[PDB]
Amino acid sequence: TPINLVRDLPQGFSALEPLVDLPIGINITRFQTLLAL
Amino acid sequence: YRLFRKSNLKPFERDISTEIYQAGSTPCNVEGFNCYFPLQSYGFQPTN
């Protein structure tokens with residue numbers, strides 16, 4: 001997005017374009033972001 | 001193959017775990033009767 005705005009999220013619109021679908025399946029949960037230091 | 005499972009697996013689901021099942025009404029914590037190893041072997045022999 002062109003997101004610079006001022007604060008919080010704006011009133012706009014746009015959509016995500018898929019890239020790939022890998023065959024893990026196997027009962028996914030507990031997504032965990034990877035924070036840096 | 002897997003003979004004991006707490007719940008039926010969803011389509012295209014893989015269950016490699018070795019979770020001991022409580023098939024018997026008596027809870028376990030553990031072999032022989034009333035709770036067994038989930039997997040069961042095959043007797044594949046040429047005479048079969």
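Just so it is clear: chains get the letters A, B, ... in the order the sequence lines come, proteins before strands, and each one is counted from 1. Note: hydrogens, waters and symmetry copies are ignored here, and every other heavy atom, side chains too, is used.
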With hydrophobic residues grouped by side-chain heavy-atom distances under 4.5 Å, do [X] and [Y] end up in a single group?
{"X": "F37(B)", "Y": "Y21(B)", "value": "no"}
{"X": "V20(A)", "Y": "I24(A)", "value": "no"}
{"X": "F4(B)", "Y": "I16(B)", "value": "no"}
{"X": "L9(A)", "Y": "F13(A)", "value": "no"}

Could you check whether any side-chain heavy atom of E19(B) comes within less than 4.5 Å of a side-chain heavy atom of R5(B), counting everything from C-beta outward? no
So do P18(A) and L16(A) actually touch side chain to side chain, heavy atoms under 4.5 Å?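 No, every pair of side-chain atoms sits at 4.5 Å or beyond.
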List, by chain and then residue number, the residues other than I20(B) in its hydrophobic cluster (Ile/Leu/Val/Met/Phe/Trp/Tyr, side-chain heavy atoms under 4.5 Å); write none if there are no others. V30(B)
To the nearest 0.5 Å, what is the distance between CG on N8(B) and NZ on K6(B)? 13.5 Å
From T26(B) OG1 over to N34(B) CG, what is the distance, rounded to the nearest 0.5 angstrom? 3.0 Å
Whether over 12 other heavy atoms sit under 6.0 Å from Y1(B) OH: yes
Flag yes if more than 12 heavy atoms outside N29(B) fall under 6.0 Å of its CG atom; otherwise flag no.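 Incorrect, the count does not exceed 12.
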Sequence neighbours left out, cut at 3.5 Å: what donor-acceptor pairs do the side chains of residues 38-48 of chain B make with other protein atoms?
from: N48(B); atom 1: ND2; to: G43(B); atom 2: O; distance (Å): 2.2

Just by distance, do the side chain of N27(A) and the backbone of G25(A) share a donor-acceptor pair under 3.5 Å?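 Answer holds: no.
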Distance-only polar pair, side chains of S17(B) and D15(B), donor-acceptor under 3.5 Å: yes
With sequence neighbours excluded, what pairs up with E17(A) under the side-chain contact (heavy atoms from CB on, under 4.5 Å) test?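 If we apply the side-chain contact (heavy atoms from CB on, under 4.5 Å) test to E17(A), skipping adjacent residues, there are no hits.
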